[PDB]
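Participant: Quick one: the structure is below, questions incoming.
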């Protein structure tokens, strides 16, 4: 049910198996591997919870503002364990409006970023790395995800989107043995947090993490982490594939094999089949199977995942007449635009809706993408107006099998033909 319960369980069944490994390239250029077993991770989160239990009361908000790393991980988890509403942010190096919007009772940080945090703040400041982390009811809301508006994320939303997210990676729903999550995505973003911290905990599998800055410094690192003993699965924005393909030289791959990769989800935004294909091509040389790269669609309002392309094969593309499409109708060519074929998910439910009338669009007609599912946030933190406009969509004269609402109005344009979903943007 709960994330801290999921962790509490992992420490029970596989106490001494590696859980999280953070690759630190800050000092060593080849990177130092910092690891915590499930029971070691669970102990630190409890010690963090103890400290937090001395600040405010249940339901209060605790901001996490520290660099990417294991301190960040235990801070987030510790906040949940204490029954506090976590607020994952980055280290402020003028979004000073978030601290004012959530009224946190505490800020969890580290010695490395403390001075930078105070230059932007009275909530209690706790430096997690200075606590004795290894020393031997609750709100439905787990945390706020700031896009700015703060998305209210409940434990249920996370649970559910995780189950859905697992049909995206392995439609067979669990990861085969010896598999591991690899990620450099910032923890303060929806997919870096859900895919990098929550999923491995709820799934009971190991995660190998690093920082976005280390990735920028030497993109090849992302490839290196995916070329090892375990079968890796990762995720990244569309731009990372281009960057990784161009800045990883053939020498960087010396002795590396990519044939063990499971799946690489391609960003929930601005995905291009061109960028993907070009990534597969440059790395085919090192045994990278093009079918492991799969496009995913989503937004924070729906936790993170909404749908992907057919598994077990590369992403199918379909050409549509550009002019007709711009006029609102998907027709076969003869100007041509190529769009990825996303599979209409069973959960959550998706519908193409005319944004002016709130009436469904027939297949082939362009409209706004509406989403219905337990993974949809109930709203924005203390923003009744925005919440209503965004999450209170109601379909008019719904067709059989279609719920009347509530619906999440994504703000994206798309259409459906042959049971397939296509996103325009």
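The numbers here are math on the coordinates, done by the rules we state, and not lab data. Cβ placement follows ideal geometry from the backbone for every residue including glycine, while neighbour counts extend to all protein chains displayed.
Participant: Rounded to the nearest 5, what % of the DSSP beta bridges within the chain are antiparallel ones? Walk me through the intermediate numbers first.
Facilitator: Details: 38 of 68 bridges.
Restricted to the chain, the bridges split so that about 55 percent are antiparallel.
Participant: Return the calculated 222 nm mean residue ellipticity for the chain, to the nearest 500 deg cm²/dmol, obtained by summing -39500 (n - 2.57) across DSSP H runs with n ≥ 4 and dividing by the residue count.
Facilitator: Values: 14 runs with 121 residues, N = 425.
My calculation for the chain gives -8000 deg cm²/dmol from helical runs alone.
Participant: Please work out the FRET efficiency for the pair residue 26 and residue 397, using the Cβ-Cβ distance as r and a Förster radius of 51 Å; give the result to the nearest 0.05.
Facilitator: Values: r = 58 Å, r/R0 = 1.14.
The formula returns an efficiency of 0.30 here.
Participant: Right, next: Using only the Cα atoms of the chain, build the gyration tensor, take square roots of its eigenvalues as a ≥ b ≥ c, and label the shape rounded, prolate or oblate: rounded if a/c is under 1.5, else prolate if a/b is larger than b/c, else oblate.
Facilitator: Note, shape of the chain comes out oblate.
Participant: Give me 381, 29 ranked fewest to most by other Cβ atoms within 10 Å of their Cβ, as a rough exposure proxy.
Facilitator: Ordered from fewest to most neighbouring Cβ atoms within 10 Å, 381, 29 come out as 29, 381.
Participant: Between residue 323 and residue 424, what is the label-to-label distance in nm when each label sits 7 Å out along the Cα-to-Cβ direction?
Facilitator: 1.6 nm
Participant: Same structure again: When the Cα centres of segment 292-331 and segment 148-167 are compared, how far apart do they sit, in Å?
Facilitator: The two parts, judged by their Cα centres, are 21 Å apart.
Participant: Which of rounded, prolate or oblate describes segment 171-224 when judged by the alpha-carbon gyration tensor and an a/c cut-off of 1.5?
Facilitator: oblate
Participant: Taking the number of other C-beta atoms within 10 Å as the exposure measure, put 268, 324, 65, 100 in order starting with the fewest.
Facilitator: Arranged by neighbour count, lowest to highest, 268, 324, 65, 100 become 100, 324, 268, 65.
Participant: Based on the alpha carbons, how large is the Rg to Rh ratio for segment 247-301 when Rh follows Kirkwood?
Facilitator: Ratio of gyration radius to Kirkwood radius for segment 247-301: 1.03.
Participant: Assuming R0 = 35 Å, what is the FRET efficiency of residue 111 and residue 252, from their Cβ-Cβ distance, to the nearest 0.05?
Facilitator: It comes to 0.60.
Participant: Please report 264, 359, 197 as a ranked list, fewest other C-beta atoms within 10 angstrom at the top and most at the bottom. Could you put the intermediate results ahead of the total?
Facilitator: Values: 264 25, 359 14, 197 22.
Arranged by neighbour count, lowest to highest, 264, 359, 197 become 359, 197, 264.
Participant: Using R₀ = 25 Å, calculate the FRET efficiency as 1/(1 + (r/R₀)^6) where r is the Cβ-Cβ separation of residue 118 and residue 94; round to 0.05.
Facilitator: Once the sixth-power term is evaluated, E becomes 0.95.
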